[PDB]
């Protein structure tokens, strides 16, 4: 036994994964996925360790830096989520890992908006969001998904 998936790692769909921030202990696991792409949702620069892993493995980094904010005073990062969705929906970028810091809020919102495009009823989207967010589930994240207009992606 030796592979360590990154924090809160899960398969979302064919060619799509979610997690928190990978560190060097996770690189041997991430190698088994044959990633083409990472969608990174934090504003902080990528560490040198991570950049060397991407360069060694031919993985493209897409960064859409969403500022972390806590309830009750939240950002509505609509443009950044939609830019990340545009990349996520292009199969040429697959396999793709979506990650933020812990993979609960920013990652959860992007995945929830994907589920809405996949025609999941809201309660099913929120159940999946809650499974990762656990005691840190935010009503604001779920309201963002409730309000999200799918029009431009149909």
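Positions refer to the first chain, counted from 1.
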Out of 63 to 71 and 124 to 132, which one has CA B-factors that are higher on average in the deposited record? 63 to 71
Averaging C-alpha B-factors over each stretch, which comes out higher, 7 to 15 or 142 to 150? 142 to 150
Highest CA B factor of 112, 58, 103, 95, as deposited, is found at 58
In this crystal structure's PDB entry, the residue among 30, 39, 85, 54 with the greatest CA B factor is 54
Ranked C-alpha temperature factor of residue 107 among modelled chain residues, by third: lowest
